[PDB]
């Protein structure tokens, strides 16, 4: 009839993963009564303009050969460094490869992605170059942008030796800095559910064509193996790549965060469902689900055009992972950034495991199978009204917890004992104008 | 603690889409806080016995050639027109292609469907003929029945330029008429959840068989490519085609509607779940999931029979669409109808969009992110006791809303303020006998 | 505001299927308002050490030929009968093939399973032999263990003629006996959710290699059909076969049941979710989802290694069924059993159907569409704290129902009228030590 | 009703509600002798049936009666041809329903 | 606003809220004649607008008035060049916002 | 089109007939002098003309709509609605008694 302490702690870490108060770590409030190990991964990366030595090419040049460093086309990228740039991070729900960084010479019209599968995508300290025309880059081309993945190795090691898993919470912080007189820029951030699924695209086999005109060999096997089959199953994400542009996100989502670049960002990525069931580790090739080109049987056609129906283009990422379902996909855009910037990324991912016997996790188990429905209902109610992001320095929210959670816990059904906790009003997060008010109208000091 | 006005309006349009009071249009009560555009499509079609000029054939005759009109086999169909006929409409949850009409010379034993993929299925003003033996019809055969799809083009155009969608409500009205002294007939209607899914049937590749008996060419590539792979993914509907016959539906479902033909029908198709999450547009080839023929590994067998396990026959419809999940499939049967009938179909589909930037929908957005749990709980409670269909002239239900919704909104949990609203009793919808009573025992005037 | 009688009866049969009081049969408390037929299958099997006449071999020997009896290698299995043995039952959620029995000469390190698809798996009265090295057994090999499936034929016949189904409850009882002075042994039991899914593994096609060196035939079709496609869809179960060993289950699950062998066991397998929606019959080849061997694109690689990513080994079972989703998988281990034992298995499966018209079920329909949310919430709350198994003779629990259900029904939300029912404490099920206490601290008489 | 044979199909659809009632059987005896032989096809859900007719008649059997008087019972007139039909308590019926 | 043509795109985005109001139209007439022609680009979300200006003016039309007095209305002085701007109720405005 | 566009639109079975009291669209009804003129129905334009960047040579042929002359002259009552009905699916041997009342 009242929220427990464990449920409240879980709610606090789920809504504010990077909060200074969230020192202890607690599991999902369903009391699964299973030996579980809750792991907390905190990582920091100082990303800046990459040097030439950590910059590989994805074209057919590095096809069978391992990664090829740029053959001193780095002059063009220095030319980029002359002017202002744009920096995007895409936080897909992938467990490892927490975020994908991308550097552009100037703001793109849309989040384009290469059709051909890239060669050797690079973990963060290295990058991989893509051409201006949306194609893989070989040496002697026109560089279009740089891309890299931020990889957590310990997450891989632990997901290896685990019977099941579920991601408890994840937050990303973006402490931004630049030399004085070069702080100009804007930061935009937005979350949105991009629910992927295990799908297989429709492909075609190759018909065999043999002409036996041997004197006694005249079989003439001309059979058509050119039928339609299914490619290997891949986890496809329906991220609206054509609408990941900054203005699109701003006008489409009203919880979208906007500020000057120096404020950084802080995205506590949130769920999109009520329940968080355990899942077995299941790494799969990730792909981004593009737009279809052949309508096919969307219009009156014959059987000959039955097969080539509405087949969407699939962009292979050449990256394999098991994703956390039902979590939002986040994305920011640091547009108009000085080239000699410095971004301190700080990611905190806390997630639960069912340890495998004899594995490492078996020595760090925790038996606190607490049950709580009030906390889950409150999480459902808040998910739909919490801001998408915050300034990087914004933590330890006074309204959070003793005020917001208490004021909202009275609403669920009539599971309420305290008559009234506190009236709740619509906040106004005008970070650009310094006219920000919290959920109870109390003005916030933008300095803190 | 009380249902809002927006939640009540949504409930009203969800339960009574064709209601005269439902003039305003409102979105789903979850307050998604996303720019949304709610579109209302109202369409009217005067379907009657088709003339010869709008009647194409689906056999191999129209395989590569476009649609072939019937080569004056129309004499047999006139022979149909001599006697009474039967008319079925199948309202699958497909977004476009709202319903599928079908004309039979006499009542079929079951909803048979052709095994071979038909050639050029026809939008409504045209029809396509199928043979009596359940096969595609070429000219010079025995016509078995006529089939057509009712297509909404604006729905296609809007679903093209939309990031996400969800179907808010859908209703179909069947105003029936016939010349005086020819009103004889019966109408049956029934809804039932036929939850389709993206599945791929198991098919076989073609083994290559080459006999190199050339003097120096003697490789003899005899490798068996005859392995088992997956066909292209299709959205399959498990509609019990063998049990879509009228009597089957009547005896199986107790909410099934029955009346004399002149009364028409009015089906407000209902959901089958609590939540209605947004989905990205995803047109796929629709198929109807038949019955399996080879048991395969359902019995002790070897590996040679491991592959050909329980593979069900799949009936390709040669029609592509993205379906609204979790909504019921409706079906009626106008049996014993005079051949020179006239049915005015009136479909109203209201559904929500997340507009794509620059698209048309972006100019017609609506920001009313209202939240309501009472309305959703009431919808869950009602879905399970609302009649499947109504007489065509039955609208503006007095019991609906101020009485039924109020009387039921007290039940959910104990989220109740008013002590008692009104006792609720089991209605008796005896439309044939003119002894109909509503949810509170008040007799209804069958005239209105 | 209070649990109904039908909801309470459903809860009782769901928690205690083999309870003597559960004579009447009741459906799921959601009031689906559909004609339903609830079927109860009670089966008894006296399993013992099989004789030579009912013992077939799974190797390539019985590949095209039907089952081959053992060619008097039965001497080795008699040698097994000299010493103590181990007996496992695996209760997967398969509707038919309720359990899978397995006999070992001595306790295995893990639940190994053959990589090659076995030949003709045997229904219970017959068994099938597997080699010691984890391979299929042909005559003249070293027998490793025996395996069989317990098959319910009536379930097959009824699932054939049914539009939809859902499994209401299932219980398995293990009355154990042995000659006097041979009762030594231990019994372990455990349930755990192993949520399977329809998956297709990634396989490769065979590239065609033709060398036309005919004088005029020099086409030289060398095209590579060796691409990557998807195998047929199979229902894969992620059962942690490497951790189905007894000690693993004991230390991993704290609700795991342990006792001396003579006590038998009684597993009321439980759900893992709140809702139990109807599903259409959908038999599929079952498979057990092993462990992957090729990391593939889990590490930086090229496109040539993109395809062969993290592909897990799949163990085909050569058995087809449609499984009940969201139910736990149970497993016991009778370790250190005398060879001349005798186990009376008693399985009770009660499950709901939507009858097909004209089918047999249509004559045994039941219209009691009762609705109850309190019962479902109570079931959710109990699922997480009920013991996994019981001694075979333990039924008719006093704490169950009038005490446990009443004491717990006050917790859900504040849907509570009676102020306090009874305090609830943590039970201690120390069946080995005869110090067992129920949910209210009342000591239980191990004799009853 | 059936008594299922073991192993037969009926054995999976059994029902244990062995309720006993003599009042219902006596009422059935009393009604059998005064119920109309047939009805118009559309005539169902009789208002007089059950809460009225069965209650009004259940007081008669012997003196197995608790409620003093339920409702007076009169002879109905089923003149379906003439549209002058009256039920067991004189209430005119709408031939449409 | 549009009156959609049948079958056209607008037909899928219609809105039925035929609200009637004469007070709003009269207030619009009264304000049109005294509202400033333009504003600084950053000037939005006027505090005086709506709850204050519209309320204070809605009492004037005829005597269609329930609230006795809302707020006295004075002539504003929009001296944007000199940073001496005052709104319709004399409250100085911060030129920064 | 009329049914879905107008919510005050009347629909019924044919036997019910109809009764349209055509209404004004304005507040005032000032007197006007008789002024018969050729009536025409204003169709849809075909030549965009200066709706797009063009020269003077295409300045003249701007957005000129097709006009359908009715070859009928009258003076119309301004500000009154235009009514329209449709008796669809009528038996050929029907009989419609029109009764018009105009007071002016």
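For reference, chains read A, B, C, D, E and F in written order, and residue numbers begin at 1 within each chain.
The rule is short, and it goes like this: a contact is a pair of C-beta atoms (placed from the backbone, for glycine too) under 8 Å apart; a residue touches a chain by one contact, two chains touch by 3 or more.
For each chain, UniProt lists the protein as follows: A, B, C = Capsid protein alpha.
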TODO: Could you name all chains that are in contact with subunit B and with subunit C at the same time?
DONE: A, D
Task: Mean-CA-position distance for subunit F and subunit C (Å) - done: 75
Task: Inter-centroid spacing, subunit B versus subunit A (mean Cα positions, whole Å) - done: 37
TODO: State, to the nearest whole Å, the distance from the C-alpha centre of subunit A to the C-alpha centre of subunit D.
DONE: 68
TODO: Could you put a whole-Å number on the gap between the CA centroids of subunit A and subunit E?
DONE: 44
- [ ] Could you check subunit D for residues that touch two or more other chains and list them?
- [x] none
Task: Every chain pair meeting the contact rule - done: A-B, A-C, B-C, B-D, B-E, B-F, C-D, E-F
Task: Residues on subunit D engaged by subunit C in the complex (per definition of touch) - done: 9-10, 12-17
TODO: Within their complex, state which residues of subunit D touch subunit B.
DONE: 40-45, 94, 96-97
Task: Contacting residues of subunit B [partner subunit F, same complex] - done: 23, 42, 44, 46, 177, 179, 342
Task: subunit E residues within the subunit F interface of the complex - done: 3-7, 11, 16
TODO: Show which residues of subunit C lie in contact with subunit A when the two form their complex.
DONE: 192-193, 195, 199-200, 202, 205, 208, 210, 212, 214, 216-217, 219, 221, 223, 225, 227-230, 238, 240, 242-243, 245, 247-248, 251-255, 272, 289, 292, 296-298, 300-304, 306-307, 309-310, 381, 384-385, 411-414
